[PDB]
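Notes for the one structure printed next.
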Amino acid sequence: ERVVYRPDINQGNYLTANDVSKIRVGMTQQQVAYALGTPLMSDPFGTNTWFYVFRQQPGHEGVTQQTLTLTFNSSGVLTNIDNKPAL
Amino acid sequence: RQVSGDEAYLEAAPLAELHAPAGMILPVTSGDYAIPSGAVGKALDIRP
Amino acid sequence: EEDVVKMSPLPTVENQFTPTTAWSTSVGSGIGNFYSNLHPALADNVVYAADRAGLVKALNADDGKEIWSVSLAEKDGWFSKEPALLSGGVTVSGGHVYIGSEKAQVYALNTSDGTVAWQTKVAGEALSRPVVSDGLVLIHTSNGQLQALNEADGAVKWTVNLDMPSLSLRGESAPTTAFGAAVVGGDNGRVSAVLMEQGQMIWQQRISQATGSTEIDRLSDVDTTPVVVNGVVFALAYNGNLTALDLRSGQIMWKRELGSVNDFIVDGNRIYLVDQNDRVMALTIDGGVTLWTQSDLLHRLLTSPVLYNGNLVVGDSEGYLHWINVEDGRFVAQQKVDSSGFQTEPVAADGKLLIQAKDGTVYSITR
Amino acid sequence: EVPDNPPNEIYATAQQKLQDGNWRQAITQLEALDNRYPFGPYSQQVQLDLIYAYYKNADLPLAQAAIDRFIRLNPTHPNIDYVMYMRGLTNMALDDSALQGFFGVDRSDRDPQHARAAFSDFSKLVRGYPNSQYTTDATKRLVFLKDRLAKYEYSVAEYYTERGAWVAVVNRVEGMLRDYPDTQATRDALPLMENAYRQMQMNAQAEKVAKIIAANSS
Amino acid sequence: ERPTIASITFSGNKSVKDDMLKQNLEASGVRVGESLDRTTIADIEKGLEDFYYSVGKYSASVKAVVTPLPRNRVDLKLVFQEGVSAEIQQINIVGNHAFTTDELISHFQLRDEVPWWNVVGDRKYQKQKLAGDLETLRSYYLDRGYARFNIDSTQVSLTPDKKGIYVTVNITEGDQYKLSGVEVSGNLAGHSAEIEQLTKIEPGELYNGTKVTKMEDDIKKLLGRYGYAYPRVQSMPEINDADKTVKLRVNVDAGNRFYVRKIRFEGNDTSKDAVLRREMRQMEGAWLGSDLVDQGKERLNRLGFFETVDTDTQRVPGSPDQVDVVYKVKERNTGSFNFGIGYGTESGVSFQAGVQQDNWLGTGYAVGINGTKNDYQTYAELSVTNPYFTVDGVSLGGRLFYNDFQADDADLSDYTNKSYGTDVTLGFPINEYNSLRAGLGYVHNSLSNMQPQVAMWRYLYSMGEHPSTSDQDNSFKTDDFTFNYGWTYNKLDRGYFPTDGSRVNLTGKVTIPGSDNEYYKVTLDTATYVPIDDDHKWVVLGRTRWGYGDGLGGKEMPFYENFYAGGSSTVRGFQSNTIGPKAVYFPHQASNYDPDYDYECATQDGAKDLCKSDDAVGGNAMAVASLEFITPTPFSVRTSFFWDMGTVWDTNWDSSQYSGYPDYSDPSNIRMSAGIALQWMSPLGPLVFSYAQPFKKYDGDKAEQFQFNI
């Protein structure tokens, strides 16, 4: 409560609203991967579902997570789209 | 002729290939832990 | 860390008679180290030399009194009287004498006054002694190129390219002509015949290699100056490897690759030379059949040799002169005409010997 | 140092310092001979003596040098299996060049490259000469080296955890699982990944991983 | 059997790396254990004189010594009949028609003006240096507007002595044009406006090729912010020779983003990967902007716990996003133990040693231990630094030091100030080079029976005490709760031997009550590097400190905090701390201790009539001057020519008393000692020392022109 010194959270693999619109339903795995760059978050053991994360806070003023995660069926086909902003 | 160095080998845990609830497997097999004389330590003598 | 192999000094000093120094007109340096032909020439008791920046003179061949001088250094532009680095020889042709800058800017010089007839850019610095071809001066630029200019204005008659080099073995091929057959040395041991009229390869030829991944003699300041006595030619190799060939052939008559030569002349039957060993070999016309060599000032850095009163002259880099009994075969006279020394052409026309020391402007001897 | 002498006596001195341990003078005379009679057959026997002492001398550069020289000299030789094990040994040695661990120190966290090299050598041994006179030694070096790399990566992840790059974290824990769910570092790390996800409301994976260490609560 | 090649003995090179010629020998199929080819005497002689021709000599023959030996072993000597290397005499720039040729050398790497008035390398030759000069000239026109410019050819001649190189240039001087406009083209991926602004040329201005390339690669970096590894972008000019202008095609094309997965480091065995991985402000698991990688690199550099920050990105094979970073780190290790000893008569030669491990185990923990000594005033020092106390980077440095001198010369009373103390430093990196700090400095001192000296006694009354004047009896113990601060902005290159950058060491020291000696003050250090040689081998070496004392409550600089200079780095050539106010004692007699008329510093044993004394004690204010030019020793090392100058003085030196005695309130008393910032390397470590010319010696200064260690 007496430290103005804080950093900004230099983490990404973020999203563009372009990236947002970039993908629609049932779009296939390789297709979406190229269309959005490979992901880095996806369950070790569960389904083919995928995550995609935005991450920041500029220090003392609000933390901005923004992840969309991405469900996937058996045959590498999208099944559902799942965004989430901060909190 | 004893192994100059540890035998912390002997304190390494027998690696439990882990054991998870169903449908939760992970492709370990990238590794190379084949399981087959020669001492361990004292008589582990490297005279050729 | 400079253990260069110095040579024997002046041995067995001898002067059968009096090397009378006719005079020593030292008009003013000059060259410096700066190896370059720039050799001074004469015409009718009137002789001609030049500085290394644009100054040119015309003198008396009795005392070296100046008949007149001129400067040439460009009086404006990138330098007020820009050092123009005259490096062509001294080519005399009637009212017009010629000079070669190291800026590809020839200067035809109106002899009568020193009027700059015309300065013409060419394919590079004019290292070789420009040669007259009866309306055509023979400029052999640095970069293997070769161009003739109209004596009257410098019309570029043509632009024969030639024997393009890789590492510049000194490309002062002094071109020569035979009945209207333009000949010239080259930069890659390859003499080439040329149509005197408009520069067409009458034939080419290969004699020697040339320094750079195939290295040849680079202490033989080669007379890149094909002499042509009657149509059997005699060309010095770019490392003095002897040769003789039919004028309009290039087909070898014979060749003494033994030779690796600085400069040369020939008389009647005896050829002469300055091998890199810095020793002539009295050599008969037929083959490199030898009469004698003389390794006395072996490996001393020398000038061209020349004849005088039926005696052979030769200049050293240290103002010593080494008249040689032409048939046997060693010195006959000697004098330290300078400390400055020299390398360029000792000129002996009309029985008057001429030198420009590498800085010590013209000296002139007799006996 | 090298006094030239009868070669049989050269190898004699070599064996003298061998049974003793004066690796310096031994190696001197061995290299002397392979400057004197180098391409001879027992001169690669000399070379084996050389690699031997070079390790016994704890002189690892020339160890690698002569070992690889022996490999390029012979694809399979009488002592080449001992050579392979010695190569693995000198690599793992480089990984333990320092031995501060008994000054209350850890090495589970320094350069994990020679450990990869040794792990590879012992892999190539356990499936390339897997009947040698050096089976279980290499085997336990294998298992330990592996949990060692494990704890290394786990510490790295802990670092980032203290930093915040929870994604980097998750990926580390993952890549560890897919290199091992066995090595203690595994169970160690797991909560790392879990709190990480929690820093990301991906709580689904969090409680999944919870059940994971639950069935593996040991 | 002709074999075997067994002997290789390079002799007469005297100028090169013999093993380079050895790799050539192998490149000629020649080395120990090879097929002994008696024939190859002349062959390899040719090859290696050709090597000389390569290195720019062509003037060093060689003689090989075949030595028939028994069946296997052979001998061979290689007599390098060396001479004088090739030498450059002059350049020509043909076709030059817009600028002075010699000016168009005035940027050339290679040269011919190295005479005894101008120094530029030497007139040897290597075609590579040539090509550099070529492109230099090429730029030299392309910046100007000379589009069509080129280099028609070049060549280099040999004076027919193998001595003289000639230099020739064949140009076509471009015929300047006024570049018209630029056209972005291709993948900008929603980053247009910015890029367009990265190229806001002046309308139709002159052509300037390097300015273009700047626009180009700055657009590159610009994108790198948005994470594109190799934003393959091309700049193309389209010539309008008709109007004499040219238009510009900016072929833009980016890459992809979320790149960095697993950042290897290397060779850090001595050093905890944790700290290294902290010295990279690019948090992993994210995209890449190579400038982040660099700023990292520089951080690692400033740490100094390294030797080479070599980076290498790596597109991991398998998907364009798989991109990961190695760090080939070849950091050196130093056990920093150096004992510099000062010699210079009998009552003042000791000096001090550093016994410091320099981050034990590379844990990220430098920890200090230092000791010093003087006739009586003997001080030690000890420390422990936590560069990374918190995740952010907070540096925490413990400090400890001991004066343990009760003045045991006779028994005591000979300036007894056994005086220890300790403190910590809660150092912040306030900004990415800005750093104020903080700490709670504390120190015990005990004075007793000191030989009386005007300074000390003015102090005691500044203390507000009434010590019996001409008496070796009075005692004073003291401690202090001191509040600390201080500032430092380092953007230097390499923390051990630098090349360039800002070094400042503001150390704000004050005190607070509850303590004994109430006073305030502040110091600050000034020092920096910056190169003169732009090969980053000659460098200007700034250095200067500014001494200042003071005291709250009208009190005075508690004189255990008296600054000093003289001896080592502070000054050169002088003896230790022998610069500034040399104290003076009252015409004192009553010492309570009369030796056999020993201890002649104003005691009863004679010693009346105030002894204007030559005992350097220094005072509340100081500055020493030090500006230096590295010569990367052309004979870890750097060599300049020290000439430095310093001065010390007391403010409160009220000349009223000192009237007839050399004033010590006059700061303008600057000494000077000249020499050369020497440093060597022998097979033992980072060897370095100094030796100065103490000319501008003031009244009674005391010099030992030598110095040892660093």
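Residue numbers start at 1 in each chain; chains themselves are named A, B, ... in the order of the structure tokens; ligands are numbered from 1 in the order shown.
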What are the DSSP strand (DSSP E) residues of stretch 36-155 of chain E, as a PDB file with N, CA and C atoms, in the first residue's frame?
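Output contents, as saved in part16.pdb:
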```pdb
ATOM      1  N   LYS E  63      61.843 -22.348 -45.948  1.00  0.00           N
ATOM      2  CA  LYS E  63      62.748 -23.469 -46.157  1.00  0.00           C
ATOM      3  C   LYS E  63      62.342 -24.608 -45.236  1.00  0.00           C
ATOM      4  N   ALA E  64      62.072 -25.769 -45.822  1.00  0.00           N
ATOM      5  CA  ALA E  64      61.661 -26.953 -45.085  1.00  0.00           C
ATOM      6  C   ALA E  64      62.853 -27.872 -44.871  1.00  0.00           C
ATOM      7  N   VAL E  65      62.895 -28.521 -43.712  1.00  0.00           N
ATOM      8  CA  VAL E  65      64.031 -29.371 -43.389  1.00  0.00           C
ATOM      9  C   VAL E  65      63.598 -30.828 -43.334  1.00  0.00           C
ATOM     10  N   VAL E  66      63.718 -31.529 -44.462  1.00  0.00           N
ATOM     11  CA  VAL E  66      63.599 -32.978 -44.433  1.00  0.00           C
ATOM     12  C   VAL E  66      64.693 -33.530 -43.544  1.00  0.00           C
ATOM     13  N   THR E  67      64.330 -34.472 -42.682  1.00  0.00           N
ATOM     14  CA  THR E  67      65.293 -35.053 -41.754  1.00  0.00           C
ATOM     15  C   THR E  67      65.068 -36.544 -41.727  1.00  0.00           C
ATOM     16  N   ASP E  75      62.036 -35.884 -38.352  1.00  0.00           N
ATOM     17  CA  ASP E  75      62.201 -34.502 -37.934  1.00  0.00           C
ATOM     18  C   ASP E  75      61.991 -33.573 -39.116  1.00  0.00           C
ATOM     19  N   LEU E  76      61.573 -32.351 -38.813  1.00  0.00           N
ATOM     20  CA  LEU E  76      61.311 -31.374 -39.856  1.00  0.00           C
ATOM     21  C   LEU E  76      61.317 -29.986 -39.252  1.00  0.00           C
ATOM     22  N   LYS E  77      62.123 -29.107 -39.827  1.00  0.00           N
ATOM     23  CA  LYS E  77      62.101 -27.700 -39.477  1.00  0.00           C
ATOM     24  C   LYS E  77      61.598 -26.897 -40.665  1.00  0.00           C
ATOM     25  N   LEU E  78      60.789 -25.890 -40.383  1.00  0.00           N
ATOM     26  CA  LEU E  78      60.181 -25.063 -41.413  1.00  0.00           C
ATOM     27  C   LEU E  78      60.729 -23.656 -41.242  1.00  0.00           C
ATOM     28  N   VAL E  79      61.774 -23.340 -42.003  1.00  0.00           N
ATOM     29  CA  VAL E  79      62.473 -22.067 -41.883  1.00  0.00           C
ATOM     30  C   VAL E  79      61.714 -21.050 -42.723  1.00  0.00           C
ATOM     31  N   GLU E  87      53.210  -3.777 -48.985  1.00  0.00           N
ATOM     32  CA  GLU E  87      53.005  -2.438 -48.462  1.00  0.00           C
ATOM     33  C   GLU E  87      52.220  -1.595 -49.456  1.00  0.00           C
ATOM     34  N   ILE E  88      51.221  -0.884 -48.947  1.00  0.00           N
ATOM     35  CA  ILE E  88      50.360  -0.042 -49.765  1.00  0.00           C
ATOM     36  C   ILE E  88      50.973   1.339 -49.857  1.00  0.00           C
ATOM     37  N   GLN E  89      51.056   1.869 -51.067  1.00  0.00           N
ATOM     38  CA  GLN E  89      51.587   3.206 -51.243  1.00  0.00           C
ATOM     39  C   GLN E  89      50.525   4.239 -51.532  1.00  0.00           C
ATOM     40  N   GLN E  90      49.502   3.905 -52.307  1.00  0.00           N
ATOM     41  CA  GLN E  90      48.559   4.944 -52.669  1.00  0.00           C
ATOM     42  C   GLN E  90      47.286   4.332 -53.218  1.00  0.00           C
ATOM     43  N   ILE E  91      46.241   5.140 -53.189  1.00  0.00           N
ATOM     44  CA  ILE E  91      44.934   4.841 -53.741  1.00  0.00           C
ATOM     45  C   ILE E  91      44.714   5.726 -54.950  1.00  0.00           C
ATOM     46  N   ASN E  92      44.007   5.210 -55.933  1.00  0.00           N
ATOM     47  CA  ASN E  92      43.414   6.085 -56.917  1.00  0.00           C
ATOM     48  C   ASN E  92      41.925   5.823 -56.995  1.00  0.00           C
ATOM     49  N   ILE E  93      41.180   6.888 -57.194  1.00  0.00           N
ATOM     50  CA  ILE E  93      39.744   6.814 -57.369  1.00  0.00           C
ATOM     51  C   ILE E  93      39.450   7.428 -58.728  1.00  0.00           C
ATOM     52  N   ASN E 150      28.007   2.585 -58.937  1.00  0.00           N
ATOM     53  CA  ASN E 150      28.453   1.218 -58.796  1.00  0.00           C
ATOM     54  C   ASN E 150      29.950   1.259 -58.572  1.00  0.00           C
ATOM     55  N   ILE E 151      30.591   0.110 -58.694  1.00  0.00           N
ATOM     56  CA  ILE E 151      32.036   0.022 -58.710  1.00  0.00           C
ATOM     57  C   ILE E 151      32.377  -0.757 -59.960  1.00  0.00           C
ATOM     58  N   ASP E 152      32.820  -0.054 -60.995  1.00  0.00           N
ATOM     59  CA  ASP E 152      33.070  -0.717 -62.265  1.00  0.00           C
ATOM     60  C   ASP E 152      34.087  -1.831 -62.100  1.00  0.00           C
ATOM     61  N   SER E 153      35.144  -1.581 -61.340  1.00  0.00           N
ATOM     62  CA  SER E 153      36.111  -2.615 -61.001  1.00  0.00           C
ATOM     63  C   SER E 153      37.089  -2.051 -59.990  1.00  0.00           C
ATOM     64  N   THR E 154      38.032  -2.893 -59.596  1.00  0.00           N
ATOM     65  CA  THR E 154      39.177  -2.475 -58.813  1.00  0.00           C
ATOM     66  C   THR E 154      40.287  -3.480 -59.035  1.00  0.00           C
ATOM     67  N   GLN E 155      41.502  -3.075 -58.696  1.00  0.00           N
ATOM     68  CA  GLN E 155      42.625  -3.997 -58.711  1.00  0.00           C
ATOM     69  C   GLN E 155      43.756  -3.364 -57.926  1.00  0.00           C
TER      70      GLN E 155
END
```
_Please list as a PyMOL selection string every residue within 10 Å of stretch 380-396 of chain E, counting only C-alpha atoms and excluding residues in the same chain fewer than 4 positions away._
(chain A and resi 5-7) or (chain D and resi 159-164) or (chain E and resi 275+278-279+303+352-356+358-359+363-373+400-404+419-430+437-439)
*asked:* Just list as a PyMOL selection string whatever in stretch 45-124 of chain D DSSP marks as helix (DSSP H, G or I).
replied: chain D and resi 45-56+60-73+80-95+100-102+114-124
*Might you pull out every residue within 7 Å of residue D:114, with only C-alpha atoms counted and same-chain residues fewer than 4 positions away left off, and present them as a VMD selection string?*
chain D and resid 91 to 92 94 to 95 118
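Those residues of chain A that fall within 7 Å of chain E when using only C-alpha atoms read residues 10, 11, 12, 13, 37 and 38 of chain A.
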*May I ask for the distance between atom CA of residue C:188 and atom CA of residue E:56, given in Å to one decimal place?*
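Atom CA of residue C:188 sits 20.6 Å away from atom CA of residue E:56.
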So that I can see what lies close to residue E:557, please list as a PDB file with N, CA, C and O atoms, in the first residue's frame the residues with an atom at most 9 Å from it, counting only C-alpha atoms and leaving out residues fewer than 5 positions away in the same chain.
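File written: around.pdb
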```pdb
ATOM      1  N   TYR E 459      36.499  19.192  16.661  1.00  0.00           N
ATOM      2  CA  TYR E 459      35.428  18.214  16.608  1.00  0.00           C
ATOM      3  C   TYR E 459      34.776  18.072  17.972  1.00  0.00           C
ATOM      4  O   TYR E 459      33.554  18.181  18.109  1.00  0.00           O
ATOM      5  N   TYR E 519      24.498  14.409  12.701  1.00  0.00           N
ATOM      6  CA  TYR E 519      25.105  15.121  11.590  1.00  0.00           C
ATOM      7  C   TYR E 519      24.506  14.591  10.298  1.00  0.00           C
ATOM      8  O   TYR E 519      23.847  13.550  10.282  1.00  0.00           O
ATOM      9  N   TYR E 520      24.765  15.307   9.207  1.00  0.00           N
ATOM     10  CA  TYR E 520      24.379  14.842   7.885  1.00  0.00           C
ATOM     11  C   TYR E 520      25.515  15.135   6.916  1.00  0.00           C
ATOM     12  O   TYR E 520      26.465  15.852   7.236  1.00  0.00           O
ATOM     13  N   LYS E 521      25.402  14.578   5.717  1.00  0.00           N
ATOM     14  CA  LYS E 521      26.406  14.730   4.674  1.00  0.00           C
ATOM     15  C   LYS E 521      25.842  14.092   3.419  1.00  0.00           C
ATOM     16  O   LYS E 521      24.694  13.645   3.395  1.00  0.00           O
ATOM     17  N   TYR E 548      32.290  15.616   0.422  1.00  0.00           N
ATOM     18  CA  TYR E 548      31.571  16.661   1.129  1.00  0.00           C
ATOM     19  C   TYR E 548      31.243  16.166   2.522  1.00  0.00           C
ATOM     20  O   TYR E 548      30.672  15.088   2.682  1.00  0.00           O
ATOM     21  N   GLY E 549      31.593  16.970   3.525  1.00  0.00           N
ATOM     22  CA  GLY E 549      31.196  16.701   4.886  1.00  0.00           C
ATOM     23  C   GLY E 549      30.167  17.721   5.336  1.00  0.00           C
ATOM     24  O   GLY E 549      29.916  18.718   4.656  1.00  0.00           O
ATOM     25  N   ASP E 550      29.561  17.443   6.489  1.00  0.00           N
ATOM     26  CA  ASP E 550      28.630  18.378   7.105  1.00  0.00           C
ATOM     27  C   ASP E 550      28.195  17.815   8.446  1.00  0.00           C
ATOM     28  O   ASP E 550      28.619  16.732   8.855  1.00  0.00           O
ATOM     29  N   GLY E 551      27.340  18.567   9.124  1.00  0.00           N
ATOM     30  CA  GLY E 551      26.758  18.095  10.356  1.00  0.00           C
ATOM     31  C   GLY E 551      25.530  18.864  10.784  1.00  0.00           C
ATOM     32  O   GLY E 551      25.542  20.097  10.802  1.00  0.00           O
ATOM     33  N   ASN E 562      36.315  10.791   7.380  1.00  0.00           N
ATOM     34  CA  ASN E 562      37.135  11.699   6.593  1.00  0.00           C
ATOM     35  C   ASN E 562      37.568  11.004   5.314  1.00  0.00           C
ATOM     36  O   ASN E 562      38.127   9.906   5.355  1.00  0.00           O
ATOM     37  N   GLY E 619      39.939  15.379   5.163  1.00  0.00           N
ATOM     38  CA  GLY E 619      38.869  16.162   5.732  1.00  0.00           C
ATOM     39  C   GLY E 619      37.561  15.965   4.994  1.00  0.00           C
ATOM     40  O   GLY E 619      37.423  15.102   4.130  1.00  0.00           O
ATOM     41  N   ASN E 620      36.619  16.812   5.339  1.00  0.00           N
ATOM     42  CA  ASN E 620      35.224  16.774   4.950  1.00  0.00           C
ATOM     43  C   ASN E 620      35.007  17.008   3.522  1.00  0.00           C
ATOM     44  O   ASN E 620      33.845  17.113   3.172  1.00  0.00           O
TER      45      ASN E 620
END
```
*Enter the distance from atom CA of residue E:658 to atom CA of residue E:466, in Å, rounded to one decimal.*
20.3 Å
*Using only C-alpha atoms, which residues sit within 8 Å of stretch 103-107 of chain C once same-chain residues fewer than 5 positions away are excluded, as a PyMOL selection string?*
(chain C and resi 84-85+98+116-126+141) or (chain E and resi 92-95)
Those same residues - N, CA, C and O atoms - I'd like them written as an mmCIF file, in the first residue's frame.
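Output below, filename part07.cif:
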```
data_model
loop_
_atom_site.group_PDB
_atom_site.id
_atom_site.type_symbol
_atom_site.label_atom_id
_atom_site.label_comp_id
_atom_site.auth_asym_id
_atom_site.auth_seq_id
_atom_site.Cartn_x
_atom_site.Cartn_y
_atom_site.Cartn_z
ATOM 1 N N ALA C 84 47.739 15.709 -60.447
ATOM 2 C CA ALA C 84 47.230 14.881 -61.527
ATOM 3 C C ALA C 84 48.066 13.640 -61.743
ATOM 4 O O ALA C 84 47.693 12.800 -62.566
ATOM 5 N N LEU C 85 49.190 13.518 -61.045
ATOM 6 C CA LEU C 85 49.943 12.275 -61.004
ATOM 7 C C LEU C 85 50.266 11.791 -62.412
ATOM 8 O O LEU C 85 49.748 10.782 -62.896
ATOM 9 N N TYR C 98 53.390 13.747 -75.503
ATOM 10 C CA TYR C 98 52.289 13.117 -74.805
ATOM 11 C C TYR C 98 52.696 12.673 -73.420
ATOM 12 O O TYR C 98 53.876 12.490 -73.122
ATOM 13 N N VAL C 116 48.319 22.602 -73.786
ATOM 14 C CA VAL C 116 47.614 21.350 -73.589
ATOM 15 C C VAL C 116 46.724 21.137 -74.796
ATOM 16 O O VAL C 116 45.645 21.729 -74.897
ATOM 17 N N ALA C 117 47.188 20.312 -75.731
ATOM 18 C CA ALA C 117 46.402 20.047 -76.927
ATOM 19 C C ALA C 117 45.011 19.569 -76.557
ATOM 20 O O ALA C 117 44.008 20.158 -76.967
ATOM 21 N N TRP C 118 44.934 18.509 -75.766
ATOM 22 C CA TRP C 118 43.653 18.008 -75.304
ATOM 23 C C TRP C 118 43.914 16.997 -74.212
ATOM 24 O O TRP C 118 44.827 16.180 -74.327
ATOM 25 N N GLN C 119 43.132 17.072 -73.152
ATOM 26 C CA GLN C 119 43.161 16.063 -72.114
ATOM 27 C C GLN C 119 41.928 15.199 -72.278
ATOM 28 O O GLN C 119 40.810 15.713 -72.353
ATOM 29 N N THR C 120 42.132 13.895 -72.342
ATOM 30 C CA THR C 120 41.057 12.965 -72.624
ATOM 31 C C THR C 120 41.011 11.898 -71.549
ATOM 32 O O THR C 120 42.037 11.299 -71.220
ATOM 33 N N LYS C 121 39.828 11.673 -70.996
ATOM 34 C CA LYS C 121 39.655 10.548 -70.097
ATOM 35 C C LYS C 121 39.733 9.257 -70.889
ATOM 36 O O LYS C 121 39.280 9.181 -72.030
ATOM 37 N N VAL C 122 40.343 8.245 -70.291
ATOM 38 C CA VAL C 122 40.486 6.956 -70.946
ATOM 39 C C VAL C 122 40.080 5.887 -69.951
ATOM 40 O O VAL C 122 39.568 6.197 -68.873
ATOM 41 N N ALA C 123 40.292 4.628 -70.301
ATOM 42 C CA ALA C 123 39.806 3.524 -69.490
ATOM 43 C C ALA C 123 40.606 3.309 -68.226
ATOM 44 O O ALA C 123 40.483 2.251 -67.609
ATOM 45 N N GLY C 124 41.429 4.264 -67.824
ATOM 46 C CA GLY C 124 42.150 4.132 -66.578
ATOM 47 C C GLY C 124 43.483 4.836 -66.624
ATOM 48 O O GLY C 124 43.876 5.345 -67.671
ATOM 49 N N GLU C 125 44.180 4.884 -65.499
ATOM 50 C CA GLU C 125 45.489 5.510 -65.471
ATOM 51 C C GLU C 125 46.394 4.885 -66.515
ATOM 52 O O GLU C 125 46.304 3.697 -66.821
ATOM 53 N N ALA C 126 47.291 5.702 -67.048
ATOM 54 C CA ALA C 126 47.957 5.434 -68.315
ATOM 55 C C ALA C 126 49.346 4.873 -68.118
ATOM 56 O O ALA C 126 50.274 5.205 -68.852
ATOM 57 N N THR C 141 45.610 1.467 -70.621
ATOM 58 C CA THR C 141 45.200 1.886 -69.292
ATOM 59 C C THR C 141 45.530 0.810 -68.271
ATOM 60 O O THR C 141 46.002 -0.280 -68.593
ATOM 61 N N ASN E 92 44.007 5.210 -55.933
ATOM 62 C CA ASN E 92 43.414 6.085 -56.917
ATOM 63 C C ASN E 92 41.925 5.823 -56.995
ATOM 64 O O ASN E 92 41.472 4.680 -56.898
ATOM 65 N N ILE E 93 41.180 6.888 -57.194
ATOM 66 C CA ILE E 93 39.744 6.814 -57.369
ATOM 67 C C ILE E 93 39.450 7.428 -58.728
ATOM 68 O O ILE E 93 39.184 8.625 -58.857
ATOM 69 N N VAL E 94 39.484 6.590 -59.760
ATOM 70 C CA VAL E 94 39.204 7.057 -61.098
ATOM 71 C C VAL E 94 37.766 7.542 -61.178
ATOM 72 O O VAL E 94 36.931 7.257 -60.316
ATOM 73 N N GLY E 95 37.485 8.334 -62.206
ATOM 74 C CA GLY E 95 36.143 8.793 -62.458
ATOM 75 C C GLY E 95 35.538 9.606 -61.350
ATOM 76 O O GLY E 95 34.396 10.051 -61.490
#
```
Proximity check chain E to chain C, 6 Å, nearest pairs one decimal Å, only C-alpha atoms, as JSON lines:
```
{"residue": "E:83", "atom": "CA", "partner": "C:4", "partner_atom": "CA", "distance": 5.1}
{"residue": "E:84", "atom": "CA", "partner": "C:2", "partner_atom": "CA", "distance": 5.5}
{"residue": "E:94", "atom": "CA", "partner": "C:103", "partner_atom": "CA", "distance": 5.8}
{"residue": "E:100", "atom": "CA", "partner": "C:78", "partner_atom": "CA", "distance": 5.1}
{"residue": "E:155", "atom": "CA", "partner": "C:168", "partner_atom": "CA", "distance": 5.9}
{"residue": "E:156", "atom": "CA", "partner": "C:168", "partner_atom": "CA", "distance": 5.1}
{"residue": "E:157", "atom": "CA", "partner": "C:168", "partner_atom": "CA", "distance": 4.0}
{"residue": "E:158", "atom": "CA", "partner": "C:169", "partner_atom": "CA", "distance": 5.7}
{"residue": "E:160", "atom": "CA", "partner": "C:219", "partner_atom": "CA", "distance": 4.8}
{"residue": "E:161", "atom": "CA", "partner": "C:219", "partner_atom": "CA", "distance": 4.7}
{"residue": "E:162", "atom": "CA", "partner": "C:218", "partner_atom": "CA", "distance": 6.0}
```
*Leaving out residue C:62 and any residue of its chain fewer than 6 positions from it, which residues lie within 8 Å of it when counting only C-alpha atoms, given as a ChimeraX atom specification?*
/C:22-23,45
Output for the residues just chosen: C-alpha atoms as a PDB file, in the first residue's frame:
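Listed below is the output, part23.pdb:
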```pdb
ATOM      1  CA  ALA C  22      77.440  16.335 -69.170  1.00  0.00           C
ATOM      2  CA  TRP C  23      75.184  18.209 -66.766  1.00  0.00           C
ATOM      3  CA  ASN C  45      68.583  18.888 -78.593  1.00  0.00           C
TER       4      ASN C  45
END
```
Per residue of chain B within 10 Å of stretch 42-62 of chain A, which atom pair is closest and at what distance in Å (one decimal), using only C-alpha atoms, listed by chain and increasing number, as CSV?
```
residue,atom,partner,partner_atom,distance
B:20,CA,A:45,CA,9.8
B:22,CA,A:45,CA,9.5
B:23,CA,A:45,CA,6.9
B:24,CA,A:45,CA,4.3
B:25,CA,A:45,CA,5.5
B:26,CA,A:45,CA,6.1
B:27,CA,A:44,CA,9.3
```
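The neighbours of stretch 201-204 of chain C here are the residues that come within 9 Å of it, using only C-alpha atoms and leaving out any residue fewer than 4 positions away in the same chain; they are residues 160, 181, 182, 190, 191, 192, 193, 194, 195, 248, 249 and 250 of chain C.
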